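S.K.: sequence? don't have it. structure:
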RNA sequence: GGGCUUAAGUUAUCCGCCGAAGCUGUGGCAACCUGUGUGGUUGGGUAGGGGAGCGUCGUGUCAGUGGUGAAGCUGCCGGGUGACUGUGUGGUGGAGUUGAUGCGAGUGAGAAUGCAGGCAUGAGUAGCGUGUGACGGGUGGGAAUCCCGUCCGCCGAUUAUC
RNA sequence: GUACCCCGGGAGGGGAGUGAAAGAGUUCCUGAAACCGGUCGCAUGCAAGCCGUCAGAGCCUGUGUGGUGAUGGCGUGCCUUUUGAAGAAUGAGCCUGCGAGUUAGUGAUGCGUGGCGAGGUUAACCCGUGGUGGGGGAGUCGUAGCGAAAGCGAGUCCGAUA
Ligand SMILES: [Mg+2]
Ligand SMILES: [Mg+2]
Ligand SMILES: [Mg+2]
Ligand SMILES: [Mg+2]
Ligand SMILES: [Mg+2]
Ligand SMILES: [Mg+2]
Ligand SMILES: [Mg+2]
Ligand SMILES: [Mg+2]
Ligand SMILES: [Mg+2]
Ligand SMILES: [Mg+2]
Ligand SMILES: [Mg+2]
Ligand SMILES: [Mg+2]
Ligand SMILES: [Mg+2]
Ligand SMILES: [Mg+2]
Ligand SMILES: [Mg+2]
Ligand SMILES: [Mg+2]
Ligand SMILES: [Mg+2]
Ligand SMILES: [Mg+2]
Ligand SMILES: [Mg+2]
Ligand SMILES: [Mg+2]
Ligand SMILES: [Mg+2]
Ligand SMILES: [Mg+2]
Ligand SMILES: [Mg+2]
Ligand SMILES: [Mg+2]
Ligand SMILES: [Mg+2]
Ligand SMILES: [Mg+2]
Ligand SMILES: [Mg+2]
Ligand SMILES: [Mg+2]
Ligand SMILES: [Mg+2]
Ligand SMILES: [Mg+2]
Ligand SMILES: [Mg+2]
Ligand SMILES: [Mg+2]
Ligand SMILES: [Mg+2]
Ligand SMILES: [Mg+2]
Ligand SMILES: [Mg+2]
Ligand SMILES: [Mg+2]
Ligand SMILES: [Mg+2]
Ligand SMILES: [Mg+2]
Ligand SMILES: [Mg+2]
Ligand SMILES: [Mg+2]
Ligand SMILES: [Mg+2]
Ligand SMILES: [Mg+2]
Ligand SMILES: [Mg+2]
Ligand SMILES: [Zn+2]
């Protein structure tokens, strides 16, 4: 997001009229902020909103978010969804058998778990993640998480005491 | 997130133009001129809500003075007589009695006359 | 709610005062009180509740000291050198009604209602007044003890 | 919420009463100068009004006379009324579009000139409605 | 001189209301065959005649 | 100021009353202190410091809602200690938007001889830029101001011609 | 994109048609305020008005509350700047819109809050073409001070191992 200041608005180089004698207010440029078509004083400028949250804080928040619905019994683990070739009908079933429809799926296998990924990709009430990208926002937004066996194993292996 | 001022701005203007809905000239048509009079109106109303006590007490005292002087007794002697007799009927009820129940007011005048120090 | 008179609710009476040997100040205070109706328990500043006052023998109003020739009355026409001055004795001799009206008006509030009420004062320098039809009752200037 | 009995000029000016009306929009004359003659013509009988406006010296008489004649014709056609028993029940002039122009003046200045315009409305009803 | 202050609505209207005109009076043409309205002491624009019922004289060829 | 010495003047003295948003009575609100059943003290306020909020726009989430009519605009009837507001009830209108809780601001205007537009005031006022036009007829819905004609006037080292 | 008819020279309007809607008729969505008017209610031609406020009759209305307001009291605008302004000091004709405390730094220094805690924390960059996640401890602050420094060290420096 960006705006043009009085220095960036086109024109406005010269004094509009003499300082005295005209009976008009003293003006310095036609692009002064109080003019129609003039520059914006404190309008937005491009920026980044990223915050340097500590690693321990980010990880712990993730642990607490996962733990709340672990205690609430909202994590299921499946060996996999779908067999052979890949449909969305199959996994829709596997998950509806699990429970409800505000879902998170973990399949971790970042390179070749196309079967499960592309099956659950189009549900629109399922969010699919790799185990190395769980993140607190998605965990909190999820009403339940279903891990693939490999997904849970890889998350545990990536972070364990 | 550019914000346009009009929707929020008009609220106080409508309030003030409603508050100034009997004024003469610009004071009931123009928000800026109505705003100046509403400040004066609020100051006058606050001042007059406290001066009203004195105004009505003065009216009651004048009516009591007239009613008691009709009985040959000044207001000060009448009030001192009531105070000595121990009748704590106030300026207000006394004025209402004077206007409405003149016989009861005259009986109170007799009470004050009897309760006078006579000195 | 305090009582308030309603237009013609209070009935206005007619009094007559013989200004024979009565000081101008006392006469004017009494006239102002009667005209404004301050002796009535129904008094209200905003509604005329007073009575009509007919003053007779205004030419025989008593004055103390050297007022009859040293107490001056001034009028100005509103133009340069437009002052006239006459002593209260001369004014009582010539136009007593003007003198009594000036005194009463000075003692009466400065109001549109006061201007209206001052018309209720009928001043005559002689002992006779033409308002027998209105049947004015005699009024005696008195004082209440203590 | 929009629906039925939608507002109309006839409903606002007559409201189920007999009579008619006529509007001349964008009359190329000033509203005040039109009002100067509207004030005279309001409340008169329609035939008397048009005959008088044939003789009224002001330039506003002509458009107002034509409006009154048009209202009379509208009444005669849409309510069977006759021209000789109509009277001008209402008559007013509102302001229309104004054009800003420039008149050059001394010392290089330019003075604003306003070419104003008016809308004229006349409402005619049978004379029996005068005492109603 | 220049107007010191903007005149109030009451005063502006008090002065403006006096800018008006009187209605033209009109008189019925004495000619029975015309019966139209014309200005007093003026030839009838319709019949183009002038004078009383009896001694009528043509004035305007219209 | 009226008027006043027949004090409504001065003075000593006595008895009453009037008189403030002061004090007291009664009802509501608030800050602080205190042992925490009580109570006490306090609450004019510019520069300025501290604290807690209203409204607008965007937005995460949840709950929604909308042609059986959103936004906006505009009445009425109400509400709050304030900014303000109703989950009251109409009208206009025609496609969005409410509540909870967070997040982000081009977040609030009466002033800057502020900027843009619209419109008043003066005012139906001043002016309409050197002057000579008259009349008959015509045209036309409409003619002092167009056309034709006749009188008359004006320029003519230029009001001509190139 | 208004056939046809009527008044009109037209412009414009009145009927009628089209359309869910024409008071969506091309100046066309919504249509606010200044500003200009018609109608109705009340007041107003003896009155000295920072235009209000408190008291208050009458009339109208009663959609039993609202509109108006005779008359009485009290009452010298807003802002700026000032010892002090209703000021005959400044600015503002009016409405609508716009118009001024912002943002960036692994800046400086407090506070609130959260994490970890004798430790805290990464920067560049690498991986995640899948992001907001993981790696990266190079550095940096804390961990001992005192001295110009060599240096010494819970001491050090001036001093004479004072
Ligand atoms: Mg430049
Ligand atoms: Mg410059
Ligand atoms: Mg620009
Ligand atoms: Mg008294
Ligand atoms: Mg609505
Ligand atoms: Mg030039
Ligand atoms: Mg005048
Ligand atoms: Mg008090
Ligand atoms: Mg107190
Ligand atoms: Mg108390
Ligand atoms: Mg305070
Ligand atoms: Mg205090
Ligand atoms: Mg402050
Ligand atoms: Mg629905
Ligand atoms: Mg919106
Ligand atoms: Mg919200
Ligand atoms: Mg802003
Ligand atoms: Mg504004
Ligand atoms: Mg100027
Ligand atoms: Mg402008
Ligand atoms: Mg004007
Ligand atoms: Mg004139
Ligand atoms: Mg003039
Ligand atoms: Mg003139
Ligand atoms: Mg002239
Ligand atoms: Mg000329
Ligand atoms: Mg000419
Ligand atoms: Mg010729
Ligand atoms: Mg010549
Ligand atoms: Mg020659
Ligand atoms: Mg529909
Ligand atoms: Mg509409
Ligand atoms: Mg328009
Ligand atoms: Mg529109
Ligand atoms: Mg009168
Ligand atoms: Mg005075
Ligand atoms: Mg000074
Ligand atoms: Mg000034
Ligand atoms: Mg002044
Ligand atoms: Mg100065
Ligand atoms: Mg100025
Ligand atoms: Mg301005
Ligand atoms: Mg290191
Ligand atoms: Zn004729």
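M.R.: Thanks, I have it. Numbers count the residues shown, from 1 in each chain, chains lettered A, B, ... in the order given. Ligands and ions are numbered 1, 2, ... in the order given.

S.K.: What are the boundaries of the helices in chain E?
M.R.: With DSSP state H, the ranges of helices along chain E come out as E:9-16.

S.K.: Those residues of it touching chain B, which are they?
M.R.: E:8-10 (CB under 8 Å from any CB of the partner chain). For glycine as for every other residue, the C-beta is placed from the backbone atoms N, C-alpha and C.

S.K.: any chance you could map the strands in the chain?
M.R.: If you meant another chain, say so; for now it's chain A. A:75-78, A:103-106, A:126-129, A:144-148 (DSSP state E).

S.K.: my bad, the chain I had in mind was chain E
M.R.: E:27-28, E:37-38, E:49-50, E:57-58.

S.K.: quick one: strands adjacent to the second one?
M.R.: So the one you mean is strand E:37-38. strand E:27-28 (antiparallel) (DSSP bridges).

S.K.: For residue D:18, grab the count of nearby residues.
M.R.: 16 (other CB atoms under 10 Å in any protein chain shown).

S.K.: which residue is nearest the centroid of chain A?
M.R.: residue A:137 (8.1 Å; CA atoms, centre = their mean).

S.K.: Would you tell me which one of the strands of chain A is buried the most?
M.R.: strand A:103-106 (a mean of 24; mean count of other CB atoms under 10 Å in any protein chain shown).

S.K.: hang on, the earlier thing: save the strands of chain E as a markdown table, and put in distance to RNA strand F and mean neighbour count too.
M.R.: Shown next, in a markdown table, are these (distance: least, CB to the nearest atom of the strand, whole Å; neighbours: other CB atoms under 10 Å in any protein chain shown):
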| stretch | distance to RNA strand F | mean neighbour count |
| --- | --- | --- |
| strand E:27-28 | 21 | 12 |
| strand E:37-38 | 16 | 22 |
| strand E:49-50 | 17 | 18 |
| strand E:57-58 | 13 | 10 |
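
S.K.: Is it possible to get CSV of these that adds distance to RNA strand G?
M.R.: Converted to CSV, those look like this (distance: least, CB to the nearest atom of the strand, whole Å):
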stretch, distance to RNA strand G
strand E:27-28, 23
strand E:37-38, 18
strand E:49-50, 25
strand E:57-58, 27
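
S.K.: Looking at those strands, which is nearest to residue C:101?
M.R.: Among the strands of chain E, the nearest to residue C:101 by CB to CB is strand E:27-28 (57.4 Å).

S.K.: element containing residue D:94?
M.R.: strand D:86-95 (DSSP states H and E).

S.K.: Determine if any part of the helix or strand just after that strand is in contact with RNA strand G.
M.R.: Once the chain leaves strand D:86-95, the next helix or strand it forms, by DSSP H and E, is strand D:99-104. No - counting by CB under 7 Å from any atom of the strand, RNA strand G has no neighbours in strand D:99-104; the shortest distance is 10.5 Å.

S.K.: Touching strand D:99-104 from outside, list them.
M.R.: With contacts defined as CB atoms under 8 Å, 6 or more residues apart in numbering or on different chains, strand D:99-104 is touched by D:110-115.

S.K.: Excluding chain neighbours, what is closest to the most centrally placed residue in chain E?
M.R.: Geometric centre of chain E, nearest residue: residue E:24, 2.5 Å, by CA atoms, centre = their mean. Distances taken as CB to CB, 6 or more residues apart in numbering or on different chains put residue D:55 closest to residue E:24, at 4.6 Å, once the chain neighbours are dropped.
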